[PDB]
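Visitor: Protein chains in written order, with full-length UniProt numbering: chain G, 110 to 316; chain W, 58 to 212; chain A, 420, 444 to 626; chain R, 472 to 626; chain X, 524 to 575.
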Amino acid sequence: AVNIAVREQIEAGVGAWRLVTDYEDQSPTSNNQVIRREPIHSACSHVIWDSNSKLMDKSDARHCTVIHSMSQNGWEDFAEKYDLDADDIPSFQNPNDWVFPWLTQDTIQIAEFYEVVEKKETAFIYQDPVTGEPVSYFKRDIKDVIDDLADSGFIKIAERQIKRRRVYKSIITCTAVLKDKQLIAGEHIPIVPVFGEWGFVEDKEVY
Amino acid sequence: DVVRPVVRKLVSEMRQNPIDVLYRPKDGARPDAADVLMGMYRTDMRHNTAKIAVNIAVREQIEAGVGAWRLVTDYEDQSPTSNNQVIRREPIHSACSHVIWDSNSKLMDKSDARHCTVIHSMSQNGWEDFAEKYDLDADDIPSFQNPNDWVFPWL
Amino acid sequence: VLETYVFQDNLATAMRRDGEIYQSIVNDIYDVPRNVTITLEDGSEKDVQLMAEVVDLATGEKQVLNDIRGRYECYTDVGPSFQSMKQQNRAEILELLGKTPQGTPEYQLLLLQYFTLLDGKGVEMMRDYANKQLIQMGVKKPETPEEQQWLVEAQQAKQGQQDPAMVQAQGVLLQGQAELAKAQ
Amino acid sequence: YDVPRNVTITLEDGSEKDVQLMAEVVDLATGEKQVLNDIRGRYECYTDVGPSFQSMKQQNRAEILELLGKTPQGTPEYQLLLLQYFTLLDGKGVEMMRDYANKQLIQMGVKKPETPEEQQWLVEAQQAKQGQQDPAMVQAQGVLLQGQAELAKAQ
Amino acid sequence: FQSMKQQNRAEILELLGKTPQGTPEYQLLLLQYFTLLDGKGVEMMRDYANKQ
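#1: Look at the Cβ atom of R458 (chain A), then the Cβ atom of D169 (chain G), and state whether they are nearer than 9 Å.
#2: What residues in its chain sit with their C-beta under 7 Å from that of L499 (chain R), if we drop five residues either side in the sequence?
#3: Jot down the residue ranges of each uninterrupted alpha helix (DSSP H) in the stretch 63 to 131 of chain W, minimum 4 residues, whole runs only, in chain order.
#4: Does any residue of chain A bring its CB to less than 9 Å from the CB of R145 (chain W)?
#5: Go through its chain and collect everything with a Cβ distance to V123 (chain W)'s Cβ below 7 Å, but skip five positions before and after it.
#6: Quick check: the Cα distance between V254 (chain G) and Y246 (chain G), rounded to an integer number of angstroms?
#7: Between which two residues does the beta strand (DSSP E) holding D509 (chain A) run?
#8: By the DSSP assignment, the beta strand (DSSP E) with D498 (chain R) in it spans what residues?
#9: By a C-beta neighbour count over all protein chains shown, 10 Å radius and 16 as the cutoff for buried, is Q550 (chain A) buried or exposed?
#10: Please tell me whether, using a cut-off of 8 Å, the distance from the CB of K265 (chain G) to the nearest non-hydrogen atom of the ligand GDP is below it.
#11: Output yes if chain X places a C-beta closer than 9 Å to the C-beta of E534 (chain R); else output no.
#12: What number of angstroms, rounded off, separates the C-alpha of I113 (chain G) from the C-alpha of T130 (chain G)?
#13: Could you spell out where the alpha helix (DSSP H) holding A572 (chain X) opens and where it closes?
#14: Would you kindly report the start and end of the unbroken alpha helix (DSSP H) that includes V609 (chain R)?
#15: Can you check whether the C-beta of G262 (chain G) is within less than 9 Å of a C-beta belonging to chain W?
#16: Mind checking which residues open and close the beta strand (DSSP E) that includes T174 (chain G)?
#17: Can you list, in chain order, the residues of its chain with a C-beta nearer than 8 Å to that of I119 (chain W)? Leave out the 5 residues immediately preceding and following it.
#18: Here's the rule I'm using: 16 or more other beta-carbon atoms within 10 Å means buried, otherwise exposed. How should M568 (chain A) be labelled?
#19: Can you tell me where the beta strand (DSSP E) holding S245 (chain G) begins and where it ends?
#20: What is the DSSP secondary structure of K228 (chain G), reduced to helix, strand or coil?
#21: How would you list, in chain order, the residues of chain R whose beta-carbon sits under 8 Å from the beta-carbon of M567 (chain A)?
#22: Hey, how far is the Cα of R511 (chain A) from the Cα of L552 (chain A)?
#23: Any beta carbon of chain D sitting closer than 9 Å to that of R81 (chain W)?
#24: CA-CA distance, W211 (chain G) and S162 (chain G)?
#25: Classify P148 (chain W) as helix, strand or coil using the three-state DSSP reduction.
#26: Are the stretch 529 to 536 of chain X and the stretch 610 to 624 of chain R in contact at 8 Å, needing three or more beta carbon pairs?
#27: Which residues in the same chain have their Cβ closer than 8 Å to the Cβ of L554 (chain X), if we skip the five residues on either side of it in sequence?
#28: Can you name the residues of chain W whose CB is closer than 9 Å to the CB of residue 318 (chain G)?
#29: Can you tell me which of G:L258, G:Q181, G:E224 and G:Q236 puts its alpha carbon nearest to the alpha carbon of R275 (chain G)?
#30: For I480 (chain A), which beta-bridge partners are listed by DSSP?
#31: Do the stretch 268 to 283 of chain G and the stretch 194 to 204 of chain G touch if we need at least three Cβ pairs shorter than 8 Å?
#32: Mapping the DSSP letters down to three states, classify residue 107 (chain G) as helix, strand or coil.
#33: Please look up how many angstroms separate the CB atoms of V301 (chain G) and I463 (chain A), rounded, as I've assumed it's under 8 Å.
#34: Got a sec: which bits of the stretch 464 to 481 of chain A sit with their beta carbon under 7 Å from any beta carbon on chain G, in order along the chain?
#35: Per DSSP, what are the beta-bridge partners of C516 (chain R) in this structure?
#36: When DSSP labels each residue in this structure, what does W158 (chain W) get in the three-state scheme?
Below, the structure is given as structure tokens:
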């Protein structure tokens, strides 16, 4: 993925990555899960960053759209992986053209919409019995399932509001949204852009 | 092109020698008075935004001849620099037309300037985001002098 | 004009953003142990790490982590790529060796490099030798009881057996002339 | 921001020596929020220009490296090398070297032990240096002092 | 120079460049460590030079 981004940055001027979470039962990194860095080909046309972002790393962007071009069997694989209806063929804006007379070109294309929202959240303050007076801080949105179990051993000292960012992914088509607001683990948009001669000239991005 | 390689070389040369503030104590100050403020400056100005802003200003100075920054205050509840607040250095693009300095200022750093106007160009969704952030009425679309022209046939 | 320097620094900023995103994902899904170095008892056990980890097993199904807000204790930076932590430590030791003259720290660094050497048993002999040397010097803390035995052997060998030569001879003279005092 | 002030004090009958306290004063409003407390003695630092560093530890490491480049291979060279090992990187691969440098610096007495294990190391260094490391020729010649004083006593 | 400490440091560096490696060289090195920068990373050397 890094080499692909470097080659595209040398040639096209822009490259991108994607950090995804996955469950690995045998030899996991931690918590029965692993993190991998999948590549993105043709990041110029397959990654559509927010137009209001004024940073090279695109950290100011509050949303990002990634267009996926996959074959048919790839489409059933995607539907099985994300629990989608493979019968309904998706459609989206064609990131690629047909200037070269390719014998065949991909038709099934679908897009995933990343968005990040910064809002204050409720975090419970707990007392870890092992450490001893540690004023441990945990967020309610994460441990809403085990509030009761944590109370069986921990002491809820108080309540506090902590502002944090949450990333939501929604698989979209031009006619309907198949998946809406699936919470993503990360606090930032996983796509990492790589740029070359980046800059703004007339409020228009030029790389 | 015969000029662009020169600009690239100048930008690379300016980037190979990074510069940052280095606070030092006064003549009569304590031998360790400047450590805490310097450490907090390193804490705030170590993210990608500060480096990107400096690089943008340097590139514009090489090419256009002028560049600008902007230091804003913000509240960070998790991992704050100090007093539940952090300082960041976001960039300003096209500082020639998007930053309107006072005409009576006779200093390069513009410290004599008694007022300054910064023109913001944002998309519609950016407009609603700005209105929500500053508690403004998003329905009333604002208008101001256009810093940029339409000489190039942008779509 | 390296020519690929601005393209190198842009890649470095991309790596920094990747590190920030990875840190966020780790704090959100991974289990991050917290070092709780303690000095329990009447000053006993010294300063030793414990690497405390807190996990809750839900009665219904699955487990969800427990991470405190003290998570952003690391700032992203840019460095050479390494396949594992052992390679990183080996590179650190090699750089320090290049930054150190041939003194006692040079031998210390060489032995520490031998500590983090590769897996093959062809160098197991030197791994064990470096372990023993560092432990006998007392710089290393013995964990397994054979290392404690090596440390004890080193203490017995150094104390008493390695009597200073000229100091002890002059102490001989001290005793003898004190006897001359006693006999006047 | 909250700027602590160094209030180094020598309370008691000259005890506690010169140690920093880093006093910080904050007021928690009864209504809501807090307001800082900063004196006019705030401009004790003058801005300068230096190389950019990600953190203060890197700045101190660069300082020590420059001093090493500016110092010949004497006792200060060893002191600087040990201090460079003091501010080494995070990995536990150099934890042994960090501990060794700390122990050496404390045994030479230049460093002030904070944690009681460092105080124990200093105590062991004092016991080893005093008495155990008897000067050789000086002790032999003191032997001669004693013996010929006995020759005096016996005439 | 930005301040008096920088001027004194430059004076000491020039005098070191004008002195062979004798007792005055050690004296000048210690005096340079006296007027060293603000960070506590060199506080140990400042204290050691003062004590010496």
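Even for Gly, the Cβ is constructed at its ideal location relative to N, Cα and C.
Guide: Taking the structure as given:
#1: no
#2: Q505
#3: 92 to 101 and 105 to 120
#4: no
#5: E117, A152 and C153
#6: 16 Å
#7: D509 (chain A) -> no beta strand (DSSP E), and no H or E assigned at all.
#8: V497 to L499
#9: buried
#10: With respect to small molecules bound, the structure shown includes none, and the ligand GDP cannot be examined in it.
#11: yes
#12: 21 Å
#13: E566 to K574
#14: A607 to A625
#15: no
#16: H172 to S178
#17: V64, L67, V68 and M71
#18: exposed
#19: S245 to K248
#20: strand
#21: Correct list: empty, because the minimum Cβ distance to chain R is about 21 Å.
#22: 40 Å
#23: Among the protein chains in the structure shown, which are G, W, A, R and X, there is no chain D.
#24: 35 Å
#25: strand
#26: no
#27: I535 and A572
#28: Since the first and last residues shown for chain G are 110 and 316, residue 318 (chain G) lies out of range.
#29: G:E224
#30: A:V490
#31: yes
#32: The requested residue 107 (chain G) does not occur in the structure, where chain G is confined to residues 110 to 316.
#33: 7 Å
#34: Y464, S466, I467, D470, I471, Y472, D473 and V478
#35: W:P82
#36: strand
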